[PDB]
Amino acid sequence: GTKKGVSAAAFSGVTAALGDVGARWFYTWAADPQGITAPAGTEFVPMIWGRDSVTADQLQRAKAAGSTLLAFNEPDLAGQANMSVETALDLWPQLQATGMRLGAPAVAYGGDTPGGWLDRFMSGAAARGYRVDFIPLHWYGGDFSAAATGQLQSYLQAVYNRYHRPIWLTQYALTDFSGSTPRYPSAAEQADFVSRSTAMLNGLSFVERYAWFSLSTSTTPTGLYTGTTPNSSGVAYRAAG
């Protein structure tokens, strides 16, 4: 339906790639499309990335560029938004005051863990009477087998069962970051996971939207397209619902 989206950046060919792959929505990790011209039928979803992203200007730009707002990117990691739950909660009224459908900050991991970043954020928000409309998640699988899709499914289910909010999957791929250098699947393994994972996600009623990381090989080695040419993963993503 309207689930299948992507993360994107303004490479030459971006408008053509977005249209080619059938992306119904996209985001850029910023408050506006960052120089991307969307094709017809493709919705831009703004993001407030971190603490210093929360300004009158970014929030006004966000509301002009879209109608759904993603909050901070991986506050739980020192290399990303690097924000305590309490700082996220104290900033939340400024995002909530936009009136837009509002995503939780996207935690890198452990969204189902009692006492973890999300769990303390959701508990604090409930106690303050704040609105959290949906939960975006991130997941990178280290097992490159046919078992990967069921592992992804179990994490999304776990988060759904804990908070009972609709789920978005805003960054996902196969990548192992457990070693000193990232480890990536073979092309065939990655295309097979694209096919199985999208079929699962399309059938899971509490998943609203999903976004493969990422549209371009200029962003990441798990990219779907190089310029306007899909690889076997882009072809599989194109063929997904």
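The first residue of the sequence shown is number 1, and the count goes up from there.
A.B. asks: Looking only at CA atoms, which has the higher mean B factor in the entry: 168-176 or 36-44?
C.D. replies: Between 168-176 and 36-44, it is 36-44.
A.B. asks: Choose from 197, 214, 28, 67 the residue with the greatest Cα B-factor as stated in the PDB record.
C.D. replies: It is 67.
A.B. asks: Please place residue 159 in the lowest, middle or highest third of its chain by C-alpha B factor as given in the entry.
C.D. replies: It belongs to the middle third of the chain when residues are ordered by C-alpha B-factor.
A.B. asks: Could you place residue 110 in the lowest, middle or highest third of its chain by Cα temperature factor, using the values in the record?
C.D. replies: It belongs to the middle third of the chain when residues are ordered by C-alpha B-factor.
A.B. asks: Where does residue 79 sit by CA temperature factor within its chain: lowest, middle or highest third?
C.D. replies: Top third by C-alpha B-factor.
A.B. asks: Rank-wise, by C-alpha B-factor, drop residue 219 into the lowest, middle or highest third of its chain.
C.D. replies: Middle third - that is where residue 219 ends up once the chain's C-alpha B-factors are sorted.
A.B. asks: Looking at the temperature factor on the CA atom of residue 153, which third of the chain's modelled residues does it land in?
C.D. replies: Within its chain, residue 153 is a lowest-third residue by C-alpha B-factor, going by the deposited values.
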